[PDB]
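Below is one structure, written out as C-alpha cells, with a few remarks after it.
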Amino acid sequence: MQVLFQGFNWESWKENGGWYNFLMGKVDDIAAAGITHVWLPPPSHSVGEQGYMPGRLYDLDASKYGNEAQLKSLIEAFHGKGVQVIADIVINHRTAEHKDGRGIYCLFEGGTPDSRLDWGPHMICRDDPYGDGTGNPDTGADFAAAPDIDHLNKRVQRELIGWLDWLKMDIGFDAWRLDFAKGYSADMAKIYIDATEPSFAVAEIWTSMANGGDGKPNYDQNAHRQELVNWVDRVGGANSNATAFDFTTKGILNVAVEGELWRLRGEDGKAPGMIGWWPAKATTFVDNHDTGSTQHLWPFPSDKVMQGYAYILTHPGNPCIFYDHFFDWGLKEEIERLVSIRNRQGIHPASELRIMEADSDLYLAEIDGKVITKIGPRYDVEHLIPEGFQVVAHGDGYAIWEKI
Ligand SMILES: [Ca+2]
Ligand SMILES: [Ca+2]
Ligand SMILES: [Ca+2]
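Using PDB author numbering, the letters of the sequence shown map in sequence onto residues 25 to 428.
Pasting the structure below:
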C-alpha cells in the first residue's frame with residue numbers, strides 16, 4: 025500500500041565511490057520488498073557534509089552524496105521499478121556564500137550564473153543576528169547555527185517554489201520531507217506544498233517529551249500528539265497529501281519495549297501516539313539518522329528493534345523503514361516478511377486497530393479484523409487468539425497471526 029524507506033544514514037556521505045552510486049545497487053532489493061517511497065538526503069551544496077547546512081541550492085554537483093547526473097539516474101532507477109522518491113527539503117535555514125561589509129556571511133548564492141536565490145540579509149529573519157534586522161520576524165523557531173530564512177518575503181517564496189519545481193520536474197523528485205518543520209509556520213509550509221503538488225509529504229516536527237520524576241515519558245502524551253495533529257489540520261488536512269512523523273509513537277515505543285508495554289494502550293483504549301488520533305496522517309518509524317545511526321540522540325533499544333517493526337509494519341499509519349535496520353543488522357528477511365503480510369492483508373494508513381491486551385510483558389492487537397500482532401517476551405498467548413487465526417511470522421519478542 026504505502027511503505028517508506030529512509031535510504032541513508034549519518035555516515036552515508038563518506039561512502040567510498042559515493043552514496044548514490046552505492047544505493048544504485050540496492051534499488052531492486054528495495055522495490056522487491058514492497059517499499060513504495062524512498063527518502064534521499066538533502067542534495068544541495070552544504071557547509072556540513074550530511075547536507076543540513078545548504079547554501080547553493082541549485083548546486084547538486086557539489087553534494088558529498090554524488091553529483092547531479094548520478095542523483096538523476098538513481099531517481100530514474102527507482103522510478104523504473106515503481107518506487108517514488110522523497111527529497112529531504114531543508115528550507116528553515118540556509119548558509120550564505122559571501123561576507124557583507126560587516127564581515128558576516130549573509131550574501132547568498134543559488135549556484136547558477138543568474139540571480140535566482142542570490143538573496144541578502146534582508147531575506148534573513150528579523151531577530152537572527154546573521155541578518156540586518158529588516159526582515160520579518162521568524163514564523164517559527166530559530167536555528168542558532170545558521171541564518172533563518174524569512175518565509176514571509178515574497179521573493180523567497182517565489183524562488184524556493186521555482187527550486188522545488190526544478191527538483192520535481194527536472195531532477196525527478198515526487199515528494200518532500202520537511203526538515204525542522206517547527207522552524208517556520210504551517211501556513212508557510214502550506215504555501216510550498218500547495219504550489220508544488222507533491223504525491224506525498226512528511227513534516228519533521230520534533231518536540232521533547234514531558235517526563236516523570238523517574239526520567240521516563242509520561243504515560244499521557246496528548247499535548248505531544250496534539251501538536252502534530254494541529255500542524256496537519258493547518259496545512260489543509262485531507263485536502264493535502266502532507267503527513268507528520270509520529271515522534272509520539274517513537275518516544276513511547278522506546279520506553280514501552282523495556283518491560284512497560286501497557287504504555288501502548290492509552291486511557292481511552294486507543295494507541296497513545298499520533299496513529300491513535302489520525303493514523304492516515306501519521307508516518308511511523310523505529311529510528312532515523314538523528315535518533316539512531318552514529319548520532320544516537322534517541323535510540324530504540326537495540327535488542328528490541330524487530331518489536332518496533334512488528335508494531336509499525338502491521339499497524340495503522342505510513343510506516344518508514346530505516347536503512348541500517350534493513351541492510352546492516354541481519355534483519356532484511358524478517359522485515360520483508362512483515363511488509364508482505366501488511367500488503368496481502370490489505371493493511372493501509374487508515375486501517376482499524378483493536379487493542380486486545382497491554383501488560384508489561386505483552387502487547388496484543390488486532391488490525392482490520394485480519395491480523396493479530398503480539399510483541400514482548402511473553403510467548404504463551406494461544407487462549408487470547410481467536411479461532412481461525414494462524415501464526416505467519418515470529419522472531420525475538422514478536423509474533424504475527426493472520427485470519428485463516
Ligand atoms: Ca547566482
Ligand atoms: Ca538562525
Ligand atoms: Ca525559522
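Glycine is no exception: its CB is placed at the ideal position from the N, C-alpha and C atoms.
Tell me, please, which residues DSSP counts as bridged to residue i.
| i | result |
| --- | --- |
| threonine 397 | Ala389, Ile424 |
| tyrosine 129 | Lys123 |
| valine 226 | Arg201, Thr267 |
| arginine 378 | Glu390 |
| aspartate 244 | Beta-bridge pairing links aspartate 244 to no other residue. |
| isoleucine 345 | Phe29 |
| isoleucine 148 | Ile173 |
| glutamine 414 | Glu426 |
According to DSSP, is residue i part of a helix, a strand, or is it coil?
| i | result |
| --- | --- |
| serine 70 | strand |
| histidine 175 | coil |
| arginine 201 | strand |
| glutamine 108 | strand |
| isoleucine 299 | helix |
| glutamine 331 | helix |
| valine 114 | coil |
| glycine 275 | helix |
| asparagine 235 | strand |
| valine 62 | strand |
Give a yes or no on whether the C-beta atoms belonging to residue i and residue j are separated by under 8 Å.
| i | j | result |
| --- | --- | --- |
| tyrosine 82 | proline 67 | no |
| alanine 57 | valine 363 | yes |
| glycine 207 | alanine 165 | yes |
| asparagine 265 | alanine 225 | yes |
| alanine 170 | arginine 118 | yes |
| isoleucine 371 | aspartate 392 | yes |
| residue 16 | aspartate 124 | What the structure shows of the chain is the stretch from 25 to 428, and residue 16 is not part of that stretch, so it cannot be assessed. |
| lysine 96 | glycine 196 | yes |
| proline 222 | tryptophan 190 | no |
| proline 340 | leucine 386 | no |
| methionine 25 | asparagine 367 | yes |
| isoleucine 399 | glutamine 331 | yes |
| residue 448 | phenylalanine 167 | Outside the modelled stretch of the chain, which goes from 25 to 428, sits residue 448, for which no answer is possible. |
| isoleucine 365 | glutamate 426 | yes |
| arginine 249 | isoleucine 379 | no |
| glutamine 94 | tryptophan 37 | no |
| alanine 86 | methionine 48 | no |
| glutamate 358 | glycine 419 | yes |
Decide if residue i is buried, meaning its Cβ has at least 16 other Cβ atoms within 10 Å, or exposed.
| i | result |
| --- | --- |
| residue 7 | Here the chain covers residues 25 to 428 and nothing more, so residue 7 does not appear. |
| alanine 227 | buried |
| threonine 158 | exposed |
| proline 153 | exposed |
| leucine 321 | exposed |
| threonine 136 | exposed |
| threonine 220 | buried |
| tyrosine 347 | buried |
| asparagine 312 | buried |
| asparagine 235 | exposed |
| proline 241 | buried |
| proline 343 | buried |
| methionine 212 | buried |
| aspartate 138 | exposed |
| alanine 374 | exposed |
Write down the C-beta distance between residue i and residue j rounded to the nearest angstrom, noting that I regard them as a contact closer than 8 Å.
| i | j | result |
| --- | --- | --- |
| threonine 272 | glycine 293 | The pair is not a contact, with the Cβ atoms about 17 Å apart (cut-off 8 Å). |
| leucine 176 | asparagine 160 | 4 Å |
| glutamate 39 | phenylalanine 29 | Between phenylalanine 29 and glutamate 39 the Cβ distance is about 17 Å, and since that is not below 8 Å, they are no contact. |
| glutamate 284 | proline 325 | At roughly 11 Å, the Cβ-Cβ gap does not stay under 8 Å, so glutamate 284 and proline 325 are not in contact. |
| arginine 287 | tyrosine 243 | 6 Å |
| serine 317 | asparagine 33 | 4 Å |
| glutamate 381 | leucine 337 | At roughly 19 Å, the Cβ-Cβ gap does not stay under 8 Å, so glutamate 381 and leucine 337 are not in contact. |
| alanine 304 | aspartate 270 | The pair is not a contact, with the Cβ atoms about 12 Å apart (cut-off 8 Å). |
| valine 114 | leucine 64 | Rounded, the Cβ-Cβ distance is 13 Å, inconsistent with contact. |
| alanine 55 | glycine 134 | That belief does not hold up - the Cβ atoms of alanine 55 and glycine 134 are roughly 34 Å apart, past 8 Å. |
| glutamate 121 | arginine 80 | 7 Å |
| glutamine 245 | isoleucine 215 | Contact flag wrong, Cβ pair sits at about 30 Å. |
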